[PDB]
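# Working through the structure, step by step
This is what each chain is made of:
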Amino acid sequence: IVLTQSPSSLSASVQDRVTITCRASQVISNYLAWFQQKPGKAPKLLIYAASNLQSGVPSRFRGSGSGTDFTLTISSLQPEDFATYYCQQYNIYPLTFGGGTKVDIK
Amino acid sequence: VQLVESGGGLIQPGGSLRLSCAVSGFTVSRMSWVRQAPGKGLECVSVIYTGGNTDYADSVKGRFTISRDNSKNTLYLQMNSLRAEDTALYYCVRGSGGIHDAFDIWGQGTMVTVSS
Amino acid sequence: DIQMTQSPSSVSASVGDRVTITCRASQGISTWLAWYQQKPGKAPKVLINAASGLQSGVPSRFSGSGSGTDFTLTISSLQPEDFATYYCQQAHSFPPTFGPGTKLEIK
Amino acid sequence: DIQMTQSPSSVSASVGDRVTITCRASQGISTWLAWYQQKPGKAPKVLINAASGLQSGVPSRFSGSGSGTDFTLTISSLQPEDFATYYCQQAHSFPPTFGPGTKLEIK
Amino acid sequence: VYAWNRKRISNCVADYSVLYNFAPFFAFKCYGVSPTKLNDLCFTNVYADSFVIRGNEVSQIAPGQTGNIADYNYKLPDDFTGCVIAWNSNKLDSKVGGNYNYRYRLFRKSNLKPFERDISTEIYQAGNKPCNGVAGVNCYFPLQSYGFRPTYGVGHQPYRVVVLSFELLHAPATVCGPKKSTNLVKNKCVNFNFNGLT
Amino acid sequence: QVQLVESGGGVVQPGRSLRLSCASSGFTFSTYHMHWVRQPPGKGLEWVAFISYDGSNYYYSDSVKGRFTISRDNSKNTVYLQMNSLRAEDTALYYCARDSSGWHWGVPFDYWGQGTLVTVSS
Ligand SMILES: *[C@@H]1O[C@H](CO)[C@@H](O)[C@H](O)[C@H]1NC(C)=O
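As a convention, residue numbering begins from 1 on each chain and follows the written sequence, not necessarily the numbering found in the entry; residues with no coordinates do not appear. Throughout, the order in which chains and ligands are written sets their labels, letters from A for the former and numbers from 1 for the latter. What you see is a piece of a larger assembly; the numbers all apply to this piece alone. As a rule here, side-chain values come from all non-hydrogen atoms in the structure, and water together with hydrogens is ignored. Residues with missing side-chain atoms are left out of burial classes, side-chain pairs and their counts.

Attention now moves to the state of the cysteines. Any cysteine sulfur atom paired with another within 2.5 Å is treated as part of a disulfide. Here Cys-22 of chain A is linked by a disulfide to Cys-87 of chain A, with a sulfur-sulfur distance of 2.1 Å. Across the S-S bond of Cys-22 of chain A and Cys-87 of chain A the torsion is about 130°, and the bridge reads as right-handed. Of this pair, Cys-22 of chain A sits in strand β3 (residues 18-24) while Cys-87 of chain A sits in strand β9 (residues 84-89); the two residues are 65 residues apart in sequence, bridging distant segments of the chain. Disulfide pairing places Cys-30 of chain E opposite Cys-83 of chain E at an S-S distance of 2.0 Å. Taking the sign of the torsion about the S-S bond as the criterion, the disulfide between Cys-30 of chain E and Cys-83 of chain E, at about -80°, is left-handed. In this pair, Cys-30 of chain E is assigned in the loop between α1 (16-22) and β2 (45-54) and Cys-83 of chain E in strand β3 (residues 83-86), connecting sequence segments 53 residues apart. Sequence-ordered numbering of the bonded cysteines in chain E gives a disulfide pattern of 1-3, 2-6, 4-5. Between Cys-23 of chain D, a free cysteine, and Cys-88 of chain D, which holds the nearest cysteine sulfur, the sulfur-to-sulfur gap is 3.8 Å. Between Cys-12 of chain E, a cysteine without a disulfide, and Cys-176 of chain E, which holds the nearest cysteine sulfur, the sulfur-to-sulfur distance is 11 Å. Put simply, DSSP H or I for four residues or longer makes a helix, DSSP E for two residues or longer makes a strand, and each gets a number counted from the N terminus.

Quick look at the structure:
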C-alpha cells in the first residue's frame, strides 16, 4: 500500500545505463508494474509482474526483483526514451503508485 | 479480528442483562462464553456452534441464554437468577481449533457485578 | 466436572532454568489437555491446544507435556517471559474446566 | 563468577545402588560441565572433562550427565569407591569455579 | 476444495505451451515432466482437477507434501505425475462483502489416500461421548469456511489452481498433441518427416 | 484498432456531479475489468474504483469513499463513473484503464485512454 521510488531525478547521456528502484512496505510477491508517462500523453505500461516485458514494444528496459526490492535498469538509453517512470502494485486491490523518476537530459 | 464486549454493569439481583459482543473480521460460526471470577480461577459458562446448537453451563442451566446474531456478526448473552457466582469477566472466544476442547482469540473482557 | 488438581500453588524461578508445575486429572484423558498464560492486566492466550500436538502462544522451547493422571509443564532455558500465573483447561468432557493455576514471581 | 549450586549437602548410600547428586548453573552452559573426586588425604582427579564427552577418572559405569542448569551425577550398581566428597567445576567463563560439593559416607 | 472437481480429458489434441507462453504463474511447477517436453508426449488420459486454495497452501499441492489441505482433502502421492499451475485471483473470485462460498476440510478422522475426494458432511468428532449428526463439544462440521476479501495480503488472497495429471494406461493413448509445422519444399533433395514417415 | 476513447470532459462546479462516459472499441468489454486512475495537474497517477468482469464486484480507494458510482453496461460498451461531489482538489485529467488481471491470461493496465480534462472551478 506504500511504494517509494528513490531516484527522483536522474540525468543520463545517450548509452548511459540508468537504474531506478521502488520498494514496498509489505511483500507484493512479484506483482509490480512500471510505466513511462511521456509529457503530454497518457502512460504506457512498461513492465508487469516485475520481471516480464509486456507487448514487447519496449525491448531494452529490463527490470527485475521479487518481494520488497524491484529495480528497472535501462540499458543503452536513447534520447527519445526520456520520460517520468512510475510504479504500482497490480494485485492487492487498494492499488497505489510511486512518486516517479524523471530520466532528463544532462 | 478485534473483539469488543460491553453492556455489563453493577445491577440489582434477579436482574437480566444483555452482553453485546462485536465480532470483526470473522463469522460467529464457532464461539463460546468464558468467565473469570475476580481473584479466582476461570469457569466456562456457554458455547454456540455452526449448527446453532447451544450448550449451557452444567453448573448454571437456562439462567444464561446465548444469542448468536450471525446476520449482525455479533453475540449476546441473557442473564437470569443473578447470583454472587455470576459476577465475573466475560470474554468472547473463537476457540482453539474451533472449540476443540478450549478457546483461542479473546475479547477485552466485560465486568459484571451484582449489587443489592 | 472433573476436579482438576494443579501443583505447586506458588513457584519462584530466575533465568536460564526450567520451571516445573504439574496438573493431575480425576479421569485420565488419553491424549488431550490444555495450558494457558495469564499476565496481570493481560488476556489469556493458548499454550497447549488440548494436547493435539505441542502448541503455539510460546516459542517451541516452552513446551511441557504429561499424559493420563500426571500432566506437567516446564519451560526450557530460554529467557522466561515475566513469570505469569498458568492455568490448565480440561480437554474432553463439557464443561471444559480451568485448573486452579500456579502463581509465578521472580527472586 | 557464576554461583554454582549443588544438591544435596550430604548423601549416604551402601552397595549395589545409584547415588544421585545434582548441581545447577546460574547461566546454562550448552554442553560443558566438569565433575571431580576428592578423598580424605587424597588428590582430586578429573571425573567429567567439561562434558566434552563421558570422562575417565572412573570406570564407564560411574557417569552422570545433566544439561545446562539441571546437571546431575549418579554412579551405576558397580561397587562404589570409598564414598568421597564430589565437586562440580564451571566449564565456560573464567574463573572456572568449584561447586560447594556433597559430603559422602557409608551406613 | 472439499468437493474438488475432476474433469476427464481425452481423444483431444492439446497445446500445453498455450498455458506456458504467458509465464506469470505463481507456480507452473511440473513435478512429472518438463513443461517444454509436454507437447510431443502421448498419454491415454489427462485428469484436470481444479480447486480454489489460499496462497500459503499452493505449495502443499505437490507430490509427497503434508499439510491440512494436502492431507484431509486433495492429496497427491510420492509417485504422482503431472504439472501444477496456479495464478492469483483477487478481483475475479474475492468480493468486498466477503466471499464465503469456498469451504475447506479442517477435521478428518482418517487420512485420505492419494487422488481421493470425500464429499461427505458426516460430523467428525475425535472423542467418546457419542456425538450424533448434531455437533457439540468435540463434534464439528468437517468443512469450516474460507473467508476471502480484497484488502487481504498476498498469500491469503484466493489462488485458483489446476492439477493436470497426465496418465498412461495399456490401451492406446489419445491425449497427444505436438505441432512441429514446417512448410514442404518440392523438387529438392530434402530430409522429410511427414506424419511419422522419416 | 484497440482503443478506450473517453468523453464527458468539461468544467464542473464543486458539489455538482457530471457522469464521465468511458467508451470502448475493439474489445470484448465483458471479460476485461475497467478501473479509474486520476493525475492531478503537476502530480502523479492516483487510483479510484474498480468494476469486475460480471459487473458484480466494486472496490473503492480510501481517499474518496462512496462518493462515486462505477457501472459497466456491456451492451452499451461504456463504463460510467459519476462523482456525487467533486472536491476542488480533484481537477485531474481522469484516465480509464483496461485490466485483464485474474484470468491466467492477462497483465494490468494494458492500454489506457486519451483522457478527459475534467475541471473544478469557482
Ligand atoms: C482461457 O484460456 C485459453 C487457453 O489458455 C486462452 O487462450 C483464452 O484466452 C482464455 N480465455 C479467457 C476468457 O480467459
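All names here are of chain E. UniProt positions are given in the numbering used here, feature names are shortened, and annotations may be inferred rather than shown by experiment. For the UniProt disulfide pairing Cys-42 with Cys-176, the two sulfur atoms lie 2.3 Å apart, close enough for the bond to be present in this model. Remark: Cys-176 occurs in the segment after β4 (158-167) and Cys-42 occurs in the loop between α1 and β2; sequence separation between them is 134 residues. With a threshold of 2.5 Å on the sulfur distance, the UniProt-listed cystine of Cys-131 and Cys-139 is realised in this model at 1.7 Å.

Contacts are assigned to residue pairs that have any heavy atoms within 4.5 Å of one another. Listed by partner, the interface residues are 13 residues for chain E and 14 residues for chain F. Three categories are distinguished: nonpolar for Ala, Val, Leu, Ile, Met, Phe, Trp, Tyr, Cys and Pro, charged for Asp, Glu, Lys and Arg, and polar for the others, with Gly belonging to the last. For the side of chain E that touches chain F, a count of residues per class yields seven nonpolar, four polar and two charged.

Between chain A and chain F, the residue contacts involve 15 residues of the former and 16 residues of the latter. Contributing elements (two or more residues each) for the side of chain A that touches chain F: β4 (32-37) and β5 (45-48) of chain A. Sort the elements by how many residues they give to the side of chain A that touches chain F and β4 of chain A lands first, with three residues. For the side of chain A that touches chain F, the residue count by class is twelve nonpolar, two polar and one charged.

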